[PDB]
Amino acid sequence: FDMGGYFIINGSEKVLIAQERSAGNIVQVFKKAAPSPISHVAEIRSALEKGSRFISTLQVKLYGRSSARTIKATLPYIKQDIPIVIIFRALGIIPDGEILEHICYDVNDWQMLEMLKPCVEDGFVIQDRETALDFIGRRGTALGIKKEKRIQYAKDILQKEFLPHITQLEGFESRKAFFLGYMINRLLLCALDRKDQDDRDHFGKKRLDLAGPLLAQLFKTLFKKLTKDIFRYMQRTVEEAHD
Amino acid sequence: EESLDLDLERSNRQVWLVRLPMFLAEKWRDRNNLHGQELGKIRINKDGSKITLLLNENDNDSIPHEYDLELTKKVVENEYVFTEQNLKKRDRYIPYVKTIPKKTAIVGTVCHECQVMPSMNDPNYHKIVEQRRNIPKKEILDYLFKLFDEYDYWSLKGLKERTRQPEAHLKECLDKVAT
Amino acid sequence: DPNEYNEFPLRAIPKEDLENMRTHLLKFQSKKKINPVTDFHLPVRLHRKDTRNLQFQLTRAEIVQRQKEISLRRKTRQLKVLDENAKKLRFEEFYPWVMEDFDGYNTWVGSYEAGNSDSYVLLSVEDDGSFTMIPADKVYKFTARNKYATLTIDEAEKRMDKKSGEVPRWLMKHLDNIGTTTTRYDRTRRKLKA
Amino acid sequence: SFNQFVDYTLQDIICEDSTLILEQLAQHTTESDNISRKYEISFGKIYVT
Amino acid sequence: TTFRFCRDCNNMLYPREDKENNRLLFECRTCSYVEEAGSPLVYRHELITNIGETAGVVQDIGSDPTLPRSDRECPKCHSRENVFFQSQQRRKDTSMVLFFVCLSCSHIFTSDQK
Amino acid sequence: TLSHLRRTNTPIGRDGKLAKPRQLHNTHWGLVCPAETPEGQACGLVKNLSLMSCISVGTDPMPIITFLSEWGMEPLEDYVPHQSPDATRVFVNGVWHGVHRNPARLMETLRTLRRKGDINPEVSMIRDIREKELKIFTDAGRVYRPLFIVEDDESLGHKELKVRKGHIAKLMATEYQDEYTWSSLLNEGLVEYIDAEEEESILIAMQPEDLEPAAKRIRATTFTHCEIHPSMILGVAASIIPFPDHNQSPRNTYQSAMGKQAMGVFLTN
Ligand SMILES: [Zn+2]
Ligand SMILES: [Zn+2]
């Protein structure tokens, strides 16, 4: 009658318990308190099974309660809160009404358009993708053969690290643009109170992990430790031999 | 060698654009096939709006033969298809950025986008759906006199092969003249 | 079926022709219909170049006018592995595609699409009515650029900074009236006049 | 969960990162040439007991 | 109140005033296209709204099974079937007015009688 | 012991709020016992799964996305909002992959093909038709519980759950054989896994006849599902509580706390 999925270490029956967390890679919005300069935000967690833990947080912040109606965004490894028309142009959408079509869907509604008009006036100045990409976001490491910031370096950022889902290879900036437009759309719905505040405490937006993922995590990390020791002693064998 | 510009005669050409299911696309991207043989048949209406593909029996009925054409985009603008052949062989201008312009020819304008979809009523159709679900002290002194004559800062390591002699004998001889 | 149609079941490409062939697909991002054989001040050169200071880069007409006027390692490293085809693609698209007329009045900057480049196949009618099957390889997207006298990153940063609570609405018009950073067509016209 | 992790995701976690090479051509000029000394190590199928 | 775009180049038009002919001329900041304005209205803040209880209607709302069903009729087609549901706007002061959507007349109607 | 195998534990911090998940929520139904909580500084932290509760072990999504390509979507590369003003966005694990014109046929086709068994039944799908959206979830980490299916239409008339007396007779026969299984009932589509996320497309029936035809105690017409038995929302020690309606809830709380400290027998060896 001893049906039990446990483990036998050192002469001791031993069981592991489930852990939980919010589900990654799914939209949430918050309503931060009034006295802060931020009112409505969003977040995306990430994990891709699970190389170097693939944390890669994201947020899009909102200013004003008034005349401070602007939408800046943060990405790694950028320390500055970048306004978002810059991001659209940098990913390669120049003509303004097409950024508007990426954001909203019904052209007949307008409240989103007055919401975005100050942001377009923020983006009124920069009219080219690599000029937009030229904005620094230094945060390390040191510059290579550059002038101020390599546009190659910025595009390498946007390919490899940002948004570790839909792609990370080379060529799906339009998918990225649509994803960000959907994010902006739901943020604007939360700001304009047509749609409500989300809930953190709902169950399906959480997940439960078990021994599978736990052994996966520990096994991956100790395997990386293993692999760095494999690379060790390969440089040390300047002399013989191939043991 | 040849002209660096592009051909323009083949520009005026309507092109039909087709998407395809993966198994059908694997067969229609066979370079061992594709020599000029005719493999299907088509059937349009006078007014259009319903075009079917009558696939010939070359497929041996692992796939259907009855297919329909789904003209998603009947009118298409600004879509151009071209070819490429490698060449036969304040005012600073860089005429060579190692750009390699090719014998390129614009060879067609897309006019109609369509798609071949396996007609589900076929018995060979939806079988593909279960498939998709399943899947010497004296001489050397004259010799070294030549060596500093050959080069002033001659290497000590390079001195070894030029002597190939006892190095302790070489070390004593080196100290007597120079470094 | 009663033959009210142009029946021609497919012929195909010569295999011997098909080597050294790369046949991409082009699209323009504008609602108005564009036909370069009607628009462009031909000759038209297609080149794969970098775009750094492309506004500051000289036009081909300007180049022709100028030509006429002149006439210890530390012994340890690691290549973390990566796909050779992906690396070749990255080095190919290290520079994008650009086509433009001789004048430089209209220029187009291309970019790369990886969305659906595998599944497409070509039905191009021939003169007799033949339908050769050309399996597509890649699809590229072109946009116009510097058609409207684009600005400069440094003064752009000074406008971005809070020097003005709101930048002037006709500030670009004032800069154009000053004549700083004019259009490529205007620069080519001025160089041809000079 | 245990059976799933034993059957799969282990061959996956091997084939994800199994590649390791140190091919030493010459690491300076010549050395004539020297040869592209492919010191290659990688892991194939795994086993359980 | 809408944001027109330059028909030559799809860009956000800005208002700018004629110097002497005293007319608002929406000039493109990208290209030289210009256009006179129909109304002197430019900007509009609208600090009070009450809107959003109604829309979000698809043509097959009743295809979902979860909505309740009643027997009040549509006052155009008189069919007794119906689908009723409350406001689509959610503020802390939105009303318990109800919205009644039918399948026969495919029409939206309410139950207020003030 | 059979309690202690099925435990769950979250981290929060030191003090925390109270509307934040220290206290229970309506979402918890059918998954976690609303009584078997530990007491003392961690009440509402540890919680205990349901009886039929089962966890998601994940399945790779690329056959699904190719299937979904083949049955027709516009891939996003030629989307335009004007010419597609009302079509439904398609998601897979929070990833945009498609927008598609005809949602109803696609939804029923996916449901039928799940029922016929050509998709692993752990996969879940929601049609939030109010917002013209569609969701697909196939990761590991979801929680699900069985249901009885219902076809609305019926040659015999009004509305009925599909399973009949003959099937359960065959089950009885196989049990007293000492060749149906639960899976061998699943394959032909009489029960169906539904996750913790789907329910808002589903009306639930408490009893197999609660309104199915059209003093002791006190007790719509568009059902699609009924539970197997209302008694199976509980947990391990929660089963042992005799007549667990007929008391007050904190007494159930102390009972679940107490039962872990009982002697008797534990194994036989
Ligand atoms: Zn314009
Ligand atoms: Zn009516």
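Give me the net charge of C:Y95's neighbourhood, meaning all other residues with Cβ under 13 Å from the Cβ of C:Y95; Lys, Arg count +1, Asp, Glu -1.
Working: positive: A:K155, B:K98, C:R48, C:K49, C:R52, C:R90; negative: A:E130, C:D50, C:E92, C:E93.
Summing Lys and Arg as +1 and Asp and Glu as -1 gives +2.
Hey, with R₀ at 51 Å, roughly what FRET efficiency would F:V163 and D:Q27 work out to, going by the Cβ-Cβ distance, to 0.05?
So, using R0 = 51 Å, E works out to roughly 0.10.
Find how many whole Å separate the alpha carbon centroid of region F:150-222 from the alpha carbon centroid of region F:7-50.
31 Å
Give me the distance in nm between label points sitting 7 Å out from Cα along the Cα-to-Cβ direction at B:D7 and C:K15, one decimal.
2.3 nm
List the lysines whose alpha-carbon lies under 17 Å from that of C:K75, not counting same-chain residues fewer than 8 positions away?
D:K38
Output wanted: per-residue J couplings in Hz (rounded whole) for region E:83-98, from phi through Karplus 6.51 cos²θ - 1.76 cosθ + 1.60, θ = phi - 60°, x for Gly and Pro.
10, 10, 6, 7, 4, 8, 9, 10, 10, 6, 9, 7, 8, 7, 5, 10
Identify the residues of region E:60-97 with backbone N under 12 Å of a label point that sits 7 angstrom from the Cα of F:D153 along the Cα-to-Cβ direction, or state none.
No residues fall inside that zone.
Pull up all non-local amide H partners of A:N25: gap of 5 or more, or a different chain, and H-to-H distance under 5 Å with H placed in the peptide plane.
Result for A:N25 returns A:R45, A:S46.
Karplus couplings for region D:11-17 from phi (6.51 cos²θ - 1.76 cosθ + 1.60, θ = phi - 60°), rounded to Hz, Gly and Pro as x?
4, 5, 6, 7, 5, 5, 9
Between B:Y143 and E:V58, with labels modelled 7 Å along Cα→Cβ, what's the label distance in nm to one decimal, could you check?
9.6 nm
Taking a label point 7 Å from the Cα of C:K88 along the Cα→Cβ vector, which residues of region C:97-120 have an amide N closer than 17 Å to it?
Under 17 Å, as judged by backbone N against the label point of C:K88, lie C:118 of region C:97-120.
Could you compute the FRET efficiency for A:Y233 and A:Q59, with r as their C-beta to C-beta distance and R0 at 35 Å, rounded to 0.05?
Numbers: r = 43 Å, r/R0 = 1.23.
Plugging the Cβ-Cβ distance into 1/(1 + (r/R0)^6) gives 0.20.
So for the pair D:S42, B:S119, with labels modelled 7 Å out along Cα→Cβ, what separation do we get in nm?
Each label point is offset 7 Å from its Cα along the Cβ direction, giving 4.7 nm.
Kindly identify region E:1-45 as rounded, prolate or oblate by the Cα gyration tensor criterion: order the square roots of the eigenvalues as a ≥ b ≥ c, call it rounded if a/c is under 1.5, otherwise compare a/b with b/c, prolate if a/b is larger, else oblate.
oblate
Taking 41 Å as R0, compute the FRET efficiency from the Cβ-Cβ separation of B:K89 and E:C31 and round it to 0.05.
0.40
Among the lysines, select those whose C-alpha is under 17 Å from the C-alpha of B:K50, and discard any that sit fewer than 8 residues away in the same chain.
Those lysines meeting the cut-off are B:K41, B:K73, B:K74.
Which distance in Å, rounded to a whole number, links the C-alpha centroids of region B:1-80 and region A:149-225?
A separation of 39 Å, based on Cα centres.
If a/c stays under 1.5 just call it rounded; otherwise compare a/b with b/c (prolate if a/b is bigger, oblate if not). Do that for chain A, with a ≥ b ≥ c from the square roots of the Cα gyration tensor eigenvalues.
On the way: a/c = 2.86, a/b = 1.42, b/c = 2.02.
Oblate, because a/c is 1.5 or more while a/b does not exceed b/c.
Quick check for me: using +1 on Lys/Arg Cβ and -1 on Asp/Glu Cβ, what's the dipole size of region E:1-45 about its Cα centre, in debye to the nearest 20?
180 debye
Which of rounded, prolate or oblate describes chain E when judged by the alpha-carbon gyration tensor and an a/c cut-off of 1.5? Mind showing how you got there, number by number?
On the way: a/c = 3.47, a/b = 2.68, b/c = 1.29.
It is prolate, given that a/c is not under 1.5 and a/b is the larger ratio.
Please list 3J(HN,Hα) in residue order for region F:156-163, calculated via the Karplus relation 6.51 cos²θ - 1.76 cosθ + 1.60 where θ = phi - 60°; whole Hz, with x for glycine and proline.
Values per residue, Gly and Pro as x: 5, x, 4, 5, 7, 6, 6, 5 Hz.
Enumerate the residues in region F:191-226 having an amide nitrogen under 18 Å from the point lying 7 Å beyond the Cα of A:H202 toward its Cβ.
F:194-204
At most 10 other Cβ atoms within 10 Å and a DSSP loop assignment: could you name the GluC sites (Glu not before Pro) in region C:109-172 that fit?
Working: sites: C:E113, C:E126, C:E155, C:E157, C:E166; in loops: C:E126, C:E166.
Answer in residue order: C:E166.
I want the local charge near A:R150. Using Cβ-Cβ distances under 11 Å, sum +1 for each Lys or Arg and -1 for each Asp or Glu among the other residues.
Numbers: positive: A:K146, A:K147, A:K149, A:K155, C:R52; negative: A:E130, A:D134, A:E148, A:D156.
Value of the local net charge: +1.
Which entries of B:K88/C:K31; A:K155/C:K27; A:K195/C:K138; C:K31/F:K132 show an alpha-carbon separation above 31 angstrom in the structure shown?
Working: B:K88/C:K31 38 Å; A:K155/C:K27 22 Å; A:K195/C:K138 42 Å; C:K31/F:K132 28 Å.
Violating the 31 Å Cα-Cα cut-off are B:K88/C:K31; A:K195/C:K138.
Inside 10 Å of the C-beta atoms of E:4-12, what's the mean count of C-beta atoms belonging to other chains?
6
Within region C:17-69, report the chymotrypsin sites (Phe, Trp or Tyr not before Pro) that DSSP leaves as loop and that have at most 12 other Cβ atoms within 10 Å. Show your work: numbers first, answer last.
Working: sites: C:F28, C:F40, C:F56; in loops: C:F40, C:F56.
Answer by residue number: C:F56.
Which trypsin sites (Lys or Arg not before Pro) in region A:191-243 pass both tests, a DSSP loop state and at most 11 other beta-carbon atoms within 10 Å?
Working: sites: A:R194, A:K195, A:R200, A:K205, A:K206, A:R207, A:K220, A:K224, A:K225, A:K228, A:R232, A:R236; in loops: A:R194, A:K195, A:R200, A:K205, A:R232, A:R236.
Those satisfying the criteria are A:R232, A:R236.
Values quoted throughout were computed directly from the atomic coordinates according to the rules given, and no laboratory measurement underlies them. For neighbour counting, all protein chains shown are included, and Cβ atoms are generated from backbone atoms with ideal geometry for every residue, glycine included.
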